[PDB]
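Participant: Contents of entry-v9.pdb (PDB, N, CA and C atoms) are given next:
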```pdb
ATOM      1  N   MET D   1      84.150  89.184 124.822
ATOM      2  CA  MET D   1      83.814  89.293 123.407
ATOM      3  C   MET D   1      85.075  89.315 122.549
ATOM      4  N   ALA D   2      86.059  88.509 122.931
ATOM      5  CA  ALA D   2      87.324  88.452 122.210
ATOM      6  C   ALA D   2      87.782  87.011 122.017
ATOM      7  N   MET D   3      87.287  86.374 120.959
ATOM      8  CA  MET D   3      87.555  84.960 120.726
ATOM      9  C   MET D   3      88.288  84.756 119.405
ATOM     10  N   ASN D   4      89.014  83.648 119.301
ATOM     11  CA  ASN D   4      89.794  83.355 118.103
ATOM     12  C   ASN D   4      89.082  82.327 117.227
ATOM     13  N   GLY D   5      89.349  82.380 115.926
ATOM     14  CA  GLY D   5      88.735  81.442 115.004
ATOM     15  C   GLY D   5      89.355  81.497 113.622
ATOM     16  N   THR D   6      88.738  80.805 112.670
ATOM     17  CA  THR D   6      89.272  80.722 111.317
ATOM     18  C   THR D   6      88.156  80.804 110.281
ATOM     19  N   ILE D   7      88.475  81.366 109.119
ATOM     20  CA  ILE D   7      87.513  81.461 108.029
ATOM     21  C   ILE D   7      87.411  80.142 107.269
ATOM     22  N   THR D   8      86.199  79.601 107.193
ATOM     23  CA  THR D   8      85.975  78.319 106.536
ATOM     24  C   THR D   8      85.406  78.510 105.135
ATOM     25  N   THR D   9      84.596  79.552 104.967
ATOM     26  CA  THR D   9      84.082  79.915 103.653
ATOM     27  C   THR D   9      84.016  81.430 103.489
ATOM     28  N   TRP D  10      84.248  81.898 102.267
ATOM     29  CA  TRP D  10      84.307  83.330 101.997
ATOM     30  C   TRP D  10      83.628  83.663 100.673
ATOM     31  N   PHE D  11      82.687  84.600 100.716
ATOM     32  CA  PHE D  11      82.028  85.079  99.505
ATOM     33  C   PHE D  11      82.350  86.550  99.257
ATOM     34  N   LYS D  12      83.482  86.799  98.607
ATOM     35  CA  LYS D  12      83.940  88.162  98.363
ATOM     36  C   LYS D  12      82.950  88.919  97.484
ATOM     37  N   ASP D  13      82.199  88.179  96.674
ATOM     38  CA  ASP D  13      81.175  88.776  95.825
ATOM     39  C   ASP D  13      80.000  89.275  96.658
ATOM     40  N   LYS D  14      79.755  88.611  97.783
ATOM     41  CA  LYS D  14      78.628  88.953  98.644
ATOM     42  C   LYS D  14      79.094  89.736  99.866
ATOM     43  N   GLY D  15      80.408  89.784 100.067
ATOM     44  CA  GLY D  15      80.973  90.663 101.074
ATOM     45  C   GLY D  15      80.764  90.142 102.482
ATOM     46  N   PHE D  16      80.801  88.822 102.634
ATOM     47  CA  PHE D  16      80.828  88.204 103.954
ATOM     48  C   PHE D  16      81.433  86.805 103.887
ATOM     49  N   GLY D  17      81.723  86.235 105.055
ATOM     50  CA  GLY D  17      82.200  84.866 105.114
ATOM     51  C   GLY D  17      81.778  84.160 106.385
ATOM     52  N   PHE D  18      82.232  82.922 106.552
ATOM     53  CA  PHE D  18      81.794  82.090 107.665
ATOM     54  C   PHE D  18      82.968  81.730 108.572
ATOM     55  N   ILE D  19      82.743  81.803 109.880
ATOM     56  CA  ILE D  19      83.795  81.534 110.852
ATOM     57  C   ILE D  19      83.292  80.629 111.970
ATOM     58  N   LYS D  20      84.136  79.693 112.391
ATOM     59  CA  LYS D  20      83.760  78.730 113.420
ATOM     60  C   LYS D  20      84.092  79.261 114.811
ATOM     61  N   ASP D  21      83.075  79.357 115.660
ATOM     62  CA  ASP D  21      83.250  79.903 117.002
ATOM     63  C   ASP D  21      83.954  78.900 117.909
ATOM     64  N   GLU D  22      84.757  79.411 118.838
ATOM     65  CA  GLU D  22      85.327  78.584 119.894
ATOM     66  C   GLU D  22      84.240  77.782 120.603
ATOM     67  N   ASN D  23      83.003  78.258 120.505
ATOM     68  CA  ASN D  23      81.879  77.608 121.170
ATOM     69  C   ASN D  23      81.250  76.550 120.267
ATOM     70  N   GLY D  24      81.743  76.462 119.036
ATOM     71  CA  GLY D  24      81.253  75.456 118.111
ATOM     72  C   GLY D  24      80.134  75.975 117.230
ATOM     73  N   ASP D  25      79.822  77.259 117.368
ATOM     74  CA  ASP D  25      78.758  77.876 116.584
ATOM     75  C   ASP D  25      79.288  78.359 115.237
ATOM     76  N   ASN D  26      78.655  77.902 114.161
ATOM     77  CA  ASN D  26      79.039  78.316 112.816
ATOM     78  C   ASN D  26      78.198  79.499 112.350
ATOM     79  N   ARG D  27      78.828  80.667 112.256
ATOM     80  CA  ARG D  27      78.107  81.903 111.979
ATOM     81  C   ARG D  27      78.878  82.770 110.988
ATOM     82  N   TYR D  28      78.191  83.748 110.407
ATOM     83  CA  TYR D  28      78.756  84.536 109.317
ATOM     84  C   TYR D  28      79.086  85.951 109.784
ATOM     85  N   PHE D  29      80.145  86.521 109.217
ATOM     86  CA  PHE D  29      80.514  87.901 109.504
ATOM     87  C   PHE D  29      80.667  88.703 108.214
ATOM     88  N   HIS D  30      80.307  89.981 108.273
ATOM     89  CA  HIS D  30      80.274  90.821 107.080
ATOM     90  C   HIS D  30      81.469  91.769 107.050
ATOM     91  N   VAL D  31      81.960  92.055 105.849
ATOM     92  CA  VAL D  31      83.144  92.891 105.686
ATOM     93  C   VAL D  31      82.922  94.280 106.277
ATOM     94  N   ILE D  32      81.661  94.692 106.346
ATOM     95  CA  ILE D  32      81.303  95.945 106.997
ATOM     96  C   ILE D  32      81.496  95.856 108.507
ATOM     97  N   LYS D  33      81.345  94.651 109.047
ATOM     98  CA  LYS D  33      81.426  94.442 110.488
ATOM     99  C   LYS D  33      82.870  94.225 110.926
ATOM    100  N   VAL D  34      83.795  94.343 109.979
ATOM    101  CA  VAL D  34      85.211  94.137 110.263
ATOM    102  C   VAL D  34      85.929  95.465 110.474
ATOM    103  N   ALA D  35      86.609  95.590 111.609
ATOM    104  CA  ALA D  35      87.319  96.819 111.942
ATOM    105  C   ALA D  35      88.521  97.024 111.026
ATOM    106  N   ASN D  36      89.212  95.934 110.711
ATOM    107  CA  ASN D  36      90.257  95.957 109.695
ATOM    108  C   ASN D  36      89.658  96.150 108.304
ATOM    109  N   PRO D  37      90.446  96.749 107.399
ATOM    110  CA  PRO D  37      89.975  97.114 106.059
ATOM    111  C   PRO D  37      89.345  95.935 105.325
ATOM    112  N   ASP D  38      88.233  96.192 104.647
ATOM    113  CA  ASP D  38      87.571  95.168 103.846
ATOM    114  C   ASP D  38      88.434  94.772 102.652
ATOM    115  N   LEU D  39      89.550  95.472 102.476
ATOM    116  CA  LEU D  39      90.489  95.159 101.404
ATOM    117  C   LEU D  39      91.534  94.153 101.873
ATOM    118  N   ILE D  40      91.494  93.821 103.158
ATOM    119  CA  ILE D  40      92.454  92.888 103.737
ATOM    120  C   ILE D  40      91.751  91.669 104.322
ATOM    121  N   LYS D  41      92.001  90.507 103.729
ATOM    122  CA  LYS D  41      91.421  89.259 104.212
ATOM    123  C   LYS D  41      92.478  88.162 104.289
ATOM    124  N   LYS D  42      92.301  87.240 105.229
ATOM    125  CA  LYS D  42      93.138  86.049 105.302
ATOM    126  C   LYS D  42      92.545  85.025 106.264
ATOM    127  N   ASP D  43      92.525  83.766 105.843
ATOM    128  CA  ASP D  43      91.759  82.739 106.539
ATOM    129  C   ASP D  43      92.580  82.115 107.663
ATOM    130  N   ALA D  44      93.809  82.592 107.825
ATOM    131  CA  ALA D  44      94.798  81.896 108.638
ATOM    132  C   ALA D  44      94.648  82.259 110.112
ATOM    133  N   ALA D  45      93.742  83.188 110.399
ATOM    134  CA  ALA D  45      93.552  83.674 111.760
ATOM    135  C   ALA D  45      92.548  84.821 111.798
ATOM    136  N   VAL D  46      91.533  84.685 112.646
ATOM    137  CA  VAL D  46      90.605  85.778 112.909
ATOM    138  C   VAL D  46      90.323  85.910 114.402
ATOM    139  N   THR D  47      90.131  87.146 114.854
ATOM    140  CA  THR D  47      89.609  87.398 116.191
ATOM    141  C   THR D  47      88.312  88.198 116.135
ATOM    142  N   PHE D  48      87.307  87.737 116.870
ATOM    143  CA  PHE D  48      85.941  88.216 116.684
ATOM    144  C   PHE D  48      85.124  88.035 117.959
ATOM    145  N   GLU D  49      83.959  88.676 118.004
ATOM    146  CA  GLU D  49      83.019  88.475 119.100
ATOM    147  C   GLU D  49      81.950  87.454 118.720
ATOM    148  N   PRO D  50      81.532  86.643 119.702
ATOM    149  CA  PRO D  50      80.482  85.639 119.507
ATOM    150  C   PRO D  50      79.132  86.268 119.178
ATOM    151  N   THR D  51      78.399  85.640 118.264
ATOM    152  CA  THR D  51      77.186  86.234 117.717
ATOM    153  C   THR D  51      76.295  85.175 117.076
ATOM    154  N   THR D  52      75.145  85.605 116.570
ATOM    155  CA  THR D  52      74.301  84.742 115.749
ATOM    156  C   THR D  52      73.853  85.459 114.481
ATOM    157  N   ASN D  53      73.193  84.723 113.594
ATOM    158  CA  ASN D  53      72.521  85.326 112.447
ATOM    159  C   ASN D  53      71.831  86.626 112.845
ATOM    160  N   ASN D  54      71.617  87.500 111.865
ATOM    161  CA  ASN D  54      71.217  88.874 112.142
ATOM    162  C   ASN D  54      69.740  88.948 112.515
ATOM    163  N   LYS D  55      69.140  87.788 112.760
ATOM    164  CA  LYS D  55      67.774  87.725 113.270
ATOM    165  C   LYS D  55      67.756  87.831 114.791
ATOM    166  N   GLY D  56      68.836  87.386 115.423
ATOM    167  CA  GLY D  56      69.024  87.642 116.841
ATOM    168  C   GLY D  56      70.180  88.584 117.112
ATOM    169  N   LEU D  57      71.301  88.030 117.560
ATOM    170  CA  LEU D  57      72.415  88.838 118.041
ATOM    171  C   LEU D  57      73.148  89.502 116.880
ATOM    172  N   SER D  58      73.720  90.673 117.140
ATOM    173  CA  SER D  58      74.474  91.398 116.123
ATOM    174  C   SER D  58      75.975  91.278 116.371
ATOM    175  N   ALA D  59      76.764  91.585 115.346
ATOM    176  CA  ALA D  59      78.214  91.477 115.440
ATOM    177  C   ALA D  59      78.893  92.752 114.951
ATOM    178  N   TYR D  60      80.013  93.096 115.577
ATOM    179  CA  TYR D  60      80.782  94.269 115.176
ATOM    180  C   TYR D  60      82.222  94.171 115.672
ATOM    181  N   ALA D  61      83.083  95.034 115.142
ATOM    182  CA  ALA D  61      84.484  95.057 115.541
ATOM    183  C   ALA D  61      85.129  93.687 115.360
ATOM    184  N   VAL D  62      85.021  93.143 114.151
ATOM    185  CA  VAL D  62      85.727  91.916 113.801
ATOM    186  C   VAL D  62      87.123  92.218 113.269
ATOM    187  N   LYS D  63      88.090  91.397 113.662
ATOM    188  CA  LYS D  63      89.489  91.646 113.329
ATOM    189  C   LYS D  63      90.106  90.437 112.631
ATOM    190  N   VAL D  64      90.637  90.659 111.434
ATOM    191  CA  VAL D  64      91.339  89.611 110.703
ATOM    192  C   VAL D  64      92.844  89.840 110.722
ATOM    193  N   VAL D  65      93.596  88.781 111.011
ATOM    194  CA  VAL D  65      95.024  88.908 111.275
ATOM    195  C   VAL D  65      95.805  89.130 109.985
ATOM    196  N   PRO D  66      96.588  90.218 109.947
ATOM    197  CA  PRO D  66      97.320  90.626 108.745
ATOM    198  C   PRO D  66      98.568  89.782 108.513
ATOM    199  N   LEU D  67      99.163  89.924 107.332
ATOM    200  CA  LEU D  67     100.379  89.192 106.995
ATOM    201  C   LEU D  67     101.594  90.113 107.022
ATOM    202  N   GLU D  68     101.586  91.067 107.948
ATOM    203  CA  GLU D  68     102.653  92.058 108.030
ATOM    204  C   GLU D  68     102.836  92.774 106.695
ATOM    205  N   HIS D  69     101.722  93.093 106.043
ATOM    206  CA  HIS D  69     101.759  93.754 104.743
ATOM    207  C   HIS D  69     100.375  94.270 104.357
ATOM    208  N   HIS D  70     100.337  95.461 103.769
ATOM    209  CA  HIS D  70      99.079  96.058 103.335
ATOM    210  C   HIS D  70      99.324  97.129 102.275
ATOM    211  N   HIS D  71      98.258  97.532 101.591
ATOM    212  CA  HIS D  71      98.340  98.612 100.615
ATOM    213  C   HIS D  71      97.245  99.647 100.855
ATOM    214  N   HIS D  72      97.561 100.910 100.587
ATOM    215  CA  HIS D  72      96.606 101.995 100.781
ATOM    216  C   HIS D  72      95.951 102.385  99.460
ATOM    217  N   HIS D  73      94.629 102.532  99.480
ATOM    218  CA  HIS D  73      93.875 102.833  98.270
ATOM    219  C   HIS D  73      92.903 103.984  98.507
ATOM    220  N   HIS D  74      92.381 104.546  97.421
ATOM    221  CA  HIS D  74      91.434 105.652  97.510
ATOM    222  C   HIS D  74      90.095 105.175  98.067
TER     223      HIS D  74
END
```
Would you mind writing the file's structure down as structure tokens?
Facilitator:
Amino acid sequence: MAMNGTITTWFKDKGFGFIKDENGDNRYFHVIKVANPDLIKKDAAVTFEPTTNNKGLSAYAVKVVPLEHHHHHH
């Protein structure tokens, strides 16, 4: 459950985006399902577990690769 991919579309207003699976499956992940802060996003690299729409399989512990920089907020 540790695969690499990239963000193809992102809806920050809706709090999720779309990522292409190594398996060729195009599926969406939610900022809540991301282990890294929802305040940190970048399309240049993601690591995630394979999943489907929330009608079948669920997703959790998604990791987005940082740019060696972050900020702390309340």
Participant: Mind telling me what the PyMOL selection byres ((chain D and resi 22-33) around 7) catches here, as an MDAnalysis selection string?
Facilitator: chainID D and resid 3:5 15:21 34:38 51:53 59:63
Participant: Apply the PyMOL selection byres (((chain D and resi 44 and name CA) around 10) and name CA) to the structure shown and report the selected residues as a ChimeraX atom specification.
Facilitator: /D:5-8,41-43,45-46,64-67
Participant: When DSSP is applied to the backbone of this structure, which of chain D are assigned strand (DSSP E)? Write them out as a ChimeraX atom specification.
Facilitator: /D:3-5,7-11,16-20,26-30,46-48,63-64
Participant: Separation of atom CA of residue D:11 and atom CA of residue D:40, in Å?
Facilitator: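 Straight-line distance from atom CA of residue D:11 to atom CA of residue D:40 works out to 13.7 Å.
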Participant: What does the distance between atom N of residue D:48 and atom C of residue D:9 come to in Å, to one decimal place?
Facilitator: 15.2 Å
Participant: Quick one, how far is atom C of residue D:55 from atom N of residue D:2?
Facilitator: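 Separation of atom C of residue D:55 and atom N of residue D:2: 20.0 Å.
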Participant: Report as lines of an AutoDock Vina configuration file the centre and the edge lengths, in Å to one decimal, of the axis-aligned box holding every listed atom of stretch 26-38 of chain D, padded by 8 Å on each side.
Facilitator:
```
center_x = 84.3
center_y = 87.5
center_z = 108.4
size_x = 28.3
size_y = 35.2
size_z = 27.5
```
Participant: Output requested as a short mmCIF file (atom, residue, chain, number, x, y, z; two decimals), in the coordinates of the input - stretch 4-26 of chain D, filled out with N, CA, C and O atoms.
Facilitator:
```
data_model
loop_
_atom_site.label_atom_id
_atom_site.label_comp_id
_atom_site.auth_asym_id
_atom_site.auth_seq_id
_atom_site.Cartn_x
_atom_site.Cartn_y
_atom_site.Cartn_z
N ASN D 4 89.01 83.65 119.30
CA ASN D 4 89.79 83.36 118.10
C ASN D 4 89.08 82.33 117.23
O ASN D 4 88.31 81.51 117.72
N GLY D 5 89.35 82.38 115.93
CA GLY D 5 88.74 81.44 115.00
C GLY D 5 89.36 81.50 113.62
O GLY D 5 90.38 82.15 113.42
N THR D 6 88.74 80.81 112.67
CA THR D 6 89.27 80.72 111.32
C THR D 6 88.16 80.80 110.28
O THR D 6 87.03 80.37 110.53
N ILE D 7 88.48 81.37 109.12
CA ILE D 7 87.51 81.46 108.03
C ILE D 7 87.41 80.14 107.27
O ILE D 7 88.41 79.63 106.76
N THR D 8 86.20 79.60 107.19
CA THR D 8 85.98 78.32 106.54
C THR D 8 85.41 78.51 105.14
O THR D 8 85.70 77.73 104.22
N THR D 9 84.60 79.55 104.97
CA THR D 9 84.08 79.92 103.65
C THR D 9 84.02 81.43 103.49
O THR D 9 83.76 82.16 104.45
N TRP D 10 84.25 81.90 102.27
CA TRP D 10 84.31 83.33 102.00
C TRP D 10 83.63 83.66 100.67
O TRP D 10 83.95 83.08 99.64
N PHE D 11 82.69 84.60 100.72
CA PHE D 11 82.03 85.08 99.50
C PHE D 11 82.35 86.55 99.26
O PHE D 11 81.59 87.44 99.64
N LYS D 12 83.48 86.80 98.61
CA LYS D 12 83.94 88.16 98.36
C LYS D 12 82.95 88.92 97.48
O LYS D 12 82.87 90.15 97.54
N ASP D 13 82.20 88.18 96.67
CA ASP D 13 81.18 88.78 95.82
C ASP D 13 80.00 89.28 96.66
O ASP D 13 79.33 90.24 96.29
N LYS D 14 79.76 88.61 97.78
CA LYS D 14 78.63 88.95 98.64
C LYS D 14 79.09 89.74 99.87
O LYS D 14 78.28 90.29 100.61
N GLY D 15 80.41 89.78 100.07
CA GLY D 15 80.97 90.66 101.07
C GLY D 15 80.76 90.14 102.48
O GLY D 15 80.57 90.92 103.42
N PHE D 16 80.80 88.82 102.63
CA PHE D 16 80.83 88.20 103.95
C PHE D 16 81.43 86.80 103.89
O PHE D 16 81.63 86.25 102.81
N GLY D 17 81.72 86.24 105.06
CA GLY D 17 82.20 84.87 105.11
C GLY D 17 81.78 84.16 106.38
O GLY D 17 81.05 84.72 107.20
N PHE D 18 82.23 82.92 106.55
CA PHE D 18 81.79 82.09 107.66
C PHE D 18 82.97 81.73 108.57
O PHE D 18 84.05 81.40 108.10
N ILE D 19 82.74 81.80 109.88
CA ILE D 19 83.80 81.53 110.85
C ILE D 19 83.29 80.63 111.97
O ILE D 19 82.16 80.78 112.44
N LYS D 20 84.14 79.69 112.39
CA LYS D 20 83.76 78.73 113.42
C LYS D 20 84.09 79.26 114.81
O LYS D 20 85.24 79.58 115.11
N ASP D 21 83.08 79.36 115.66
CA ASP D 21 83.25 79.90 117.00
C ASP D 21 83.95 78.90 117.91
O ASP D 21 83.78 77.69 117.77
N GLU D 22 84.76 79.41 118.84
CA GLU D 22 85.33 78.58 119.89
C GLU D 22 84.24 77.78 120.60
O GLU D 22 84.52 76.76 121.23
N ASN D 23 83.00 78.26 120.50
CA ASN D 23 81.88 77.61 121.17
C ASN D 23 81.25 76.55 120.27
O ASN D 23 80.34 75.83 120.68
N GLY D 24 81.74 76.46 119.04
CA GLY D 24 81.25 75.46 118.11
C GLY D 24 80.13 75.97 117.23
O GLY D 24 79.56 75.23 116.44
N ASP D 25 79.82 77.26 117.37
CA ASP D 25 78.76 77.88 116.58
C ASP D 25 79.29 78.36 115.24
O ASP D 25 80.25 79.13 115.17
N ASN D 26 78.66 77.90 114.16
CA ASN D 26 79.04 78.32 112.82
C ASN D 26 78.20 79.50 112.35
O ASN D 26 77.00 79.36 112.08
#
```
